[PDB]
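What follows is one structure encoded as structure tokens, with my remarks underneath.
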Amino acid sequence: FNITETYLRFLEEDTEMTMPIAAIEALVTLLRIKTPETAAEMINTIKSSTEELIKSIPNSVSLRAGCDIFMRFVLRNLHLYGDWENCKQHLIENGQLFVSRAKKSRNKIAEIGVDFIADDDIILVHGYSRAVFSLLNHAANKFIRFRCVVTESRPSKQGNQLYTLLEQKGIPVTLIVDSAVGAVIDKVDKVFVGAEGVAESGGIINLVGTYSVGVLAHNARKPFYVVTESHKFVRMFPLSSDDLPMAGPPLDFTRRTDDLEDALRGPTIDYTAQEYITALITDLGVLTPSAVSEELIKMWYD
Amino acid sequence: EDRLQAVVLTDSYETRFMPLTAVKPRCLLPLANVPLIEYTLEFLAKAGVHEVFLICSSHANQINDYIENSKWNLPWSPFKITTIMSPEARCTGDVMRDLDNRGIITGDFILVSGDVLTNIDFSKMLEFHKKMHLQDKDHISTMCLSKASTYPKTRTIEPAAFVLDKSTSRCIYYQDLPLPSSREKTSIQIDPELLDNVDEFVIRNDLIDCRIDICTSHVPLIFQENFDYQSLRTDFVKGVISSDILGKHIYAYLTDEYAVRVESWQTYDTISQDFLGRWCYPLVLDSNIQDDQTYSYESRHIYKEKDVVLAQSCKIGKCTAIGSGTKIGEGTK
Numbered sequence: 004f005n006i007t008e009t010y011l012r013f014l015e016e017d018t019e020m021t022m023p024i025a026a027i028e029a030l031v032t033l034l035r036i037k038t039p040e041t042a043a044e045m046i047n048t049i050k051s052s053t054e055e056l057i058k059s060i061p062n063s064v065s066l067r068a069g070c071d072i073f074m075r076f077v078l079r080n081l082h083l084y085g086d087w088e089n090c091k092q093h094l095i096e097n098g099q100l101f102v103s104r105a106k107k108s109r110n111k112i113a114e115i116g117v118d119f120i121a122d123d124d125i126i127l128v129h130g131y132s133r134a135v136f137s138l139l140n141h142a143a144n145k146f147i148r149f150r151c152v153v154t155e156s157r158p159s160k161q162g163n164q165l166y167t168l169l170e171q172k173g174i175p176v177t178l179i180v181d182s183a184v185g186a187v188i189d190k191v192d193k194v195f196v197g198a199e200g201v202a203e204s205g206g207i208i209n210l211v212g213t214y215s216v217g218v219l220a221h222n223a224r225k226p227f228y229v230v231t232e233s234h235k236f237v238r239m240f241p242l243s244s245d246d247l248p249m250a251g252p253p254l255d256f257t258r259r260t261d262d263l264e265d266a267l268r269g270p271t272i273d274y275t276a277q278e279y280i281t282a283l284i285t286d287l288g289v290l291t292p293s294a295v296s297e298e299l300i301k302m303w304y305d
Numbered sequence: 024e025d026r027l028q029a030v031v032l033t034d035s036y037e038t039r040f041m042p043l044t045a046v047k048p049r050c051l052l053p054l055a056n057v058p059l060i061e062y063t064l065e066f067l068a069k070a071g072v073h074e075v076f077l078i079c080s081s082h083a084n085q086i087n088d089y090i091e092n093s094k095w096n097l098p099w100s101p102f103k104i105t106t107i108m109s110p111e112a113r114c115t116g117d118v119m120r121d122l123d124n125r126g127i128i129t130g131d132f133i134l135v136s137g138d139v140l141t142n143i144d145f146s147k148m149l150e151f152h153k154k155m156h157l158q159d160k161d162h163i164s165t166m167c168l169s170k171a172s173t174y175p176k177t178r179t180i181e182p183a184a185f186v187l188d189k190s191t192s193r194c195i196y197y198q199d200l201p202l203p204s205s206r207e208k209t210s211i212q213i214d215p216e217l218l219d220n221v222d223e224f225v226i227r228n229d230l231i232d233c234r235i236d237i238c239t240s241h242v243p244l245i246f247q248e249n250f251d252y253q254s255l256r257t258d259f260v261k262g263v264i265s266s267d268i269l270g271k272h273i274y275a276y277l278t279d280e281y282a283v284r285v286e287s288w289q290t291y292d293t294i295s296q297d298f299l300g301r302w303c304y305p306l307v308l309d310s311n312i313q314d315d316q317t318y319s320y321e322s323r324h325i326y327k328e329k330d331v332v333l334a335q336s337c338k339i340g341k342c343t344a345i346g347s348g349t350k351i352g353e354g355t356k
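Chains B and I, in that order, give the protein sequences.
Read in order, the letters of the first sequence are residues 4 to 305 in the authors' numbering.
Read in order, the letters of the second sequence are residues 24 to 356 in the authors' numbering.
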């Protein structure tokens, strides 16, 4: 029936259906066909489909995290030894209810996380997450004064994409390069970030230059922010500064070339430690330091 | 010591404010986006008043309707407001005789002319009034005074010179002077009847008037007896001192903290700038007294209420206050 193909169908869609929430909705559809009455036939085939999904993954982390929460909810269903049928109907229904919860959470955060941006504050924003930009838009809806500084992130050129999406709103902007990002931290009140994942330790899984931002801000004593939707938690503990799950290059040094083809190769995803984050924002209240681990301990019961 | 009644002199300094007071009353006007009466009423509540009196005649209907809407018509209030309706525009002496004819004054009563905002605790004042009343029987009224801004060279409307005792703090003389605005008069003549009774004479012009009074039951009886007295400061105080009834005393109270009565436009402007600054430590916009107020303090003395709307790239200054539901455009200072 396929799950990778269902995820590939979301091309011109996105924005509303968040990348993990669309993968979770795809997991529920695959579950509801071949009877969730059996726990040997279904769960094993769900595990095989997640393994097939991980094997097809090039540079995504959040899809593995979202699977875990689904699994957890499924197991928790019939924890009351309830009827093998009303528990099943509640499990199938919690697929569309899971996607509907992404809207309700965004409604919560955009009213909570506008408080952090005070009267007339210049912001240097890095990365693009649907939660952080929704704060930025619904603060403009709240009629609050804020300036914006764009970071030239280099994955699939994200800075230019961010700049254009800020133009459509009506907020004054200018391009700042990630090389010169050190020379900006004096005319900037606060530094904001959108994460691809949040660590078990309390650190962050992010883009092509975020640790560098974290350290410079720690030097300048200027605050460093992480805002996300509460589903990007993996049981992952990157022990060192340069160790992450990869399908491509972990720093490759190429031979002598004349035509110039083999060059680009650098760490596209980088980790930053727990100390560098001043504040973290999700729908699960306002919490930063040891909070992430407590969430993971509560979920995994281990 | 408990049970205290207060009388407020409104309809008193009208047309002293020249372009205004045409349609709406004197005391309705806001200092910091809130009526002048509200400040006075807050001073009454902090003092400990159980019964409130107000004097309304000109634009009296608008005053009465404002009291109806006020936070004191509601049963939980420590004081109840009763309005005195008199003939249109009369002197303070005429109102004093009217109130004595009605006869509500019991023991020690309060009289305030104009609207005064002060941070000075009144509990100390009452005690020192009572301590001095126990000193001798024939003792009348209490007057408040505060230290001026070093030199009163900009203060021309209030040129009141006070002669005071170092030991008993009794007032001797009151005098008005045209001096810096109109260079015509220089001379001040003083009565030499009280020379060796006092000995420690202290003459000062460096004191601000307050016109806030703690008064005994003697006062309304004296006003009816001597109906020639129209004023309460210029003729009355001087008349009391200059052997009208022998052995009668009046108080003068010195206080280091801020207490300024509103009277003129340029005095009002200074008081307002003092309120925007942190001169009146308790009396600040952020505390919110009118209940509808939602002001919040920001650094560099900038006040903003809730629902403040402002355009981007706009500069705000020092000692500023902006109300609720307010919109501002670009390029504003």
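Don't be surprised by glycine CBs; every beta carbon is placed ideally from N, CA and C.
query                                                                                                                                                                        : result
Between the Cα of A275/I and the Cα atoms of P203/I, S164/I, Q296/I and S319/I, which residue gives the shortest distance?                                                   : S164/I
Quick check on DSSP: helix, strand or coil for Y274/B?                                                                                                                       : strand
Please return the same chain residues whose Cβ sits closer than 6 Å to the Cβ of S35/I, not counting the five positions on each side in sequence.                            : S136
Tell me whether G162/B is buried or exposed, calling it buried when 16 or more other Cβ atoms sit within 10 Å of its Cβ.                                                     : buried
How far does the alpha helix (DSSP H) with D219/I in it extend, from its first residue to its last?                                                                          : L218 to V221
Is the shortest distance between the beta-carbon of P175/B and the beta-carbons of chain A less than 8 Å?                                                                    : The structure shown contains no chain A; its protein chains are B and I.
Just the chain B side, please: which residues come within less than 8 Å of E321/I by C-beta, in chain order?                                                                 : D122
So what does DSSP say about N124/I, is it helix, strand or coil?                                                                                                             : helix
Answer with buried or exposed for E216/I, where buried requires no fewer than 16 other C-beta atoms within 10 angstroms of its C-beta.                                       : exposed
Quick check: the Cα distance between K58/B and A121/B, rounded to an integer number of angstroms?                                                                            : 45 Å
Could you give the DSSP three-state label for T293/I: helix, strand or coil?                                                                                                 : helix
Where does the unbroken beta strand (DSSP E) through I237/I begin, and where does it stop?                                                                                   : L230 to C238
Could you name the residues of the segment 124–148 of chain B whose beta carbon sits closer than 8 Å to any beta carbon of chain I, in the order they occur along the chain? : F146 and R148
Check this for me: beta carbons of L64/I and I133/I, under 8 Å apart or not?                                                                                                 : no
Determine, for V139/I, whether the minimum Cβ-Cβ distance to residues of chain B falls below 8 Å.                                                                            : no
Out of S205/I, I78/I, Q253/I and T239/I, which has the shortest C-alpha to C-alpha gap to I128/I?                                                                            : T239/I
Between the alpha carbons of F76/I and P101/I, how many angstroms are there, rounded?                                                                                        : 14 Å
Can you tell me whether DSSP reads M22/B as helix, strand or coil?                                                                                                           : helix
Tell me the rounded alpha-carbon separation between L52/I and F40/I.                                                                                                         : 11 Å
In the DSSP assignment, the alpha helix (DSSP H) including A105/B goes from what residue to what residue?                                                                    : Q99 to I115
Which same chain residues end up closer than 6 Å to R227/I when comparing Cβ atoms and leaving out the 5 residues on each side of it in sequence?                            : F185
Could you pull out every residue in the same chain whose Cβ sits closer than 8 Å to the Cβ of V72/I, ignoring the five residues on either side in sequence?                  : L27, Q28, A29, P101, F102 and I133
Which term fits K327/I, buried or exposed, when burial requires 16 or more other beta carbons within 10 angstroms of its beta carbon?                                        : buried
Counting C-beta neighbours from all protein chains within 10 Å, is the total for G212/B 16 or more, i.e. buried, or is it exposed?                                           : buried
Could you list which residues in chain B have their beta carbon closer than 7 Å to that of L333/I, in chain order?                                                           : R148
Count the other CB atoms within 10 Å of the CB of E28/B; is the residue buried (16 or more) or exposed (fewer)?                                                              : buried
My parser needs the alpha helix (DSSP H) runs of 4 or more residues fully inside the segment 130–202 of chain B; what are they?                                              : 133–143 and 161–170
According to DSSP, simplified to helix, strand and coil, what is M166/I?                                                                                                     : strand
Start and end of the beta strand (DSSP E) containing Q198/I?                                                                                                                 : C194 to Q198
Are the Cβ atoms of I231/I and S169/I separated by less than 8 Å?                                                                                                            : yes
By DSSP, does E61/I sit in helix, in strand, or in coil?                                                                                                                     : helix
Which residue marks the beginning of the beta strand (DSSP E) containing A282/I, and which one marks its end?                                                                : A282 to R284
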